[PDB]
Every structure is written in C-alpha cells, then in structure tokens.
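Working notes for the structure below.
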There are 2 protein chains.
Amino acid sequence: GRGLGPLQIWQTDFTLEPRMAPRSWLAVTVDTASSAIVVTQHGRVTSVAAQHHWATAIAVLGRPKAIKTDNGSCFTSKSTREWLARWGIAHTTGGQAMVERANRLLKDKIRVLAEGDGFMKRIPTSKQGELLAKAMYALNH
Amino acid sequence: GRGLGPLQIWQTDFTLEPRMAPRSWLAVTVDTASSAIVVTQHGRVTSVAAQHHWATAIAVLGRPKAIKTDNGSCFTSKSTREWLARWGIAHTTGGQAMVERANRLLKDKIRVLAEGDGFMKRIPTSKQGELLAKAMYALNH
C-alpha cells in the first residue's frame, strides 16, 4: 500500500560509460520514492533502447505513475511517447538531480569493481553483464 | 529488517521455452519469502548461464542467504559451487514446488502475452526481451 508514502515517480537518463563498450550507453532509472536504481546497457542511444530499459525497470520495480526525463530525442519521439501511453505512464520533461547523482554513483562503482578485478581500462565483454549487475546490487541492497 | 519474517531462501531452476528461441532456456528464481520471480533467457543451459542469471537476480532482489536447486550439472559443477562461495551464498540440492509453479505460471503468461500480440508460434527475436520482462512484471507486481 502507498498510503501517505512517496509518489511513484521515476527519473531516467542515459550516461555514456566506455568501460562498458561496445554497449557503453547506460540507461539509468532512479525510483524517487525509494532511491532504488535500475541500469541496463545498450549499444546505441535510441528510442527503442529507452523502451527496452523501461521494460526491464517495470519488471524490477513495478509500473510507475510517472517518469521524468530530459528533452532528448530518445524520450520525446513519437515512438517513445506512444510506448509510455501504451503502459499508462505519465511523462514529463519538466530538475532530475537524483538521476544525475545515480549516474555518478554508478560510474564510480563500476570503476572500483572493474579495477578490483584487474580491469584498468575497458571491461572484457564477457565480464560486463555480471559487473554491471554487481554495481546495481552494490548501490541498492 | 527481517525480524521474524521469512528466511531469505531462493529456489532456482531452468525451464525450456521454445517461444523464446534461440535463447529458449529460461533461468527462473523464486524468492520463497515473497514469492517474487526473476527470469532471464539464455542460449544454452550451462554453469555460466546459471551464474549470469543469479547475478541479475541479486541485482533485483538482494543477496540471499541460501539457494535451493536440483542436482543438474549447471548447479553442481565446481564452477558454480565456487561462484556461490564467492558470494557467500549457501547452496542446497535437498522439494522445490515453488519454482516448479513459477515455471508453469511464466510459460502460461508468456503464451498469453505472445498470442495477444499475434505471435502464435515463436516470438520474433526483437520482441522477446520486452515480452519476457512484461511476463515477469505481470507475475510480480
């Protein structure tokens, strides 16, 4: 139950992380109610990447009432607006200090975990998925 | 806080779902405390697939105290035993009625969602990720 608890509002952004190349575009959502983070990696910053990311985030967190983004083309496209409408999720572009903080915490954590494993530059491709998941764990739990 | 709440014990299995081919192996975890489900898809039933799945599940649910599996080779290999030890997760092979139920609920939900989208046989590859995430959402939230 929500009750008087925080409203179910997310902030979402993309942040570029070459340690994760070739899928170096990280799509990042912060649930403003709980501060939980969901991150996925993508080859390209696109509308469909944003949609794939939110599909994952909904699986993890539930369906939000609203999502705040910037006015980037991947978020204001007809395709993305229609996808959010299909899900019944309100969308605003406005401010999103929480997701900016999430981006920095994630990139720092990725670096620390990678260097801990001996990867001082790009993370080997076969190691990225588990390292990204480990960073998400580290920031949420 | 746990308090007197249910112990943090998962059940994990693999179940084959040709609607999701070529990555038709679904790795399924049920959190026995909450009945939450995490599912990932994989090309092959292997030790490393199980590890990749649990990495994701830990990102979503937190680190469990213990995981129950069957005695399949992907779970009793030296590689998997060492991975669980690295994480400090206790492992038992024993019984796992909850994950069997999860498997069936997931496959039924996948079918319903796929047929709703007009896919009466295999789901087109580019549509699978979001459909799988939708099934997971549908069963958890």
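Bear in mind that the values in this text are calculations on the coordinates, not laboratory data. Positions of Cβ are generated from backbone atoms using ideal geometry, with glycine treated the same way; all protein chains shown enter the neighbour counts.
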Study note, to complete from the structure: Per residue of B:127-137, other chain Cβ atoms within 10 Å number on average 4
Point to revise | Assigned charges on the beta-carbon of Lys, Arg, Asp, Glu; chain B dipole about Cα centre (debye) | key: 140 debye
Study note, to complete from the structure: From the cross-link list B:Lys65/B:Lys107; A:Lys78/A:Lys127; A:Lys68/B:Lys68; A:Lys107/B:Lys134, the entries with a Cα-Cα span beyond 30 Å are A:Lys78/A:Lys127; A:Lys68/B:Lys68
Revision key, fill the gap. Note: A:57-64 gets an average of partner chain Cβ contacts (10 Å, Cβ to Cβ) equal to 6
Study note, to complete from the structure: For the protein assembly as shown, the Kirkwood Rh over every pair of distinct alpha carbons, in Å, works out to 19.6 Å
Check your understanding: For q = 0.13, 0.15, 0.16, 0.18 Å⁻¹, what log10 I(q)/I(0) does chain B give under the Debye formula with an equal point scatterer on each alpha carbon and no solvent?
Key -> -0.54, -0.72, -0.81, -1.00
Practice item. Run through the DSSP bridge list for chain A and note the antiparallel percent, rounded to the nearest 5. Key: 70 percent
Revision key, fill the gap. Here the percent of antiparallel bridges among DSSP beta bridges lying wholly in the protein assembly as shown, to the nearest 5, is 70 percent
Practice item. Treating only the Cβ atoms of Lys and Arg (+1) and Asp and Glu (-1) as charged, compute the dipole magnitude of the protein assembly as shown about its Cα centre; round to the nearest 20 debye. Key: 200 debye
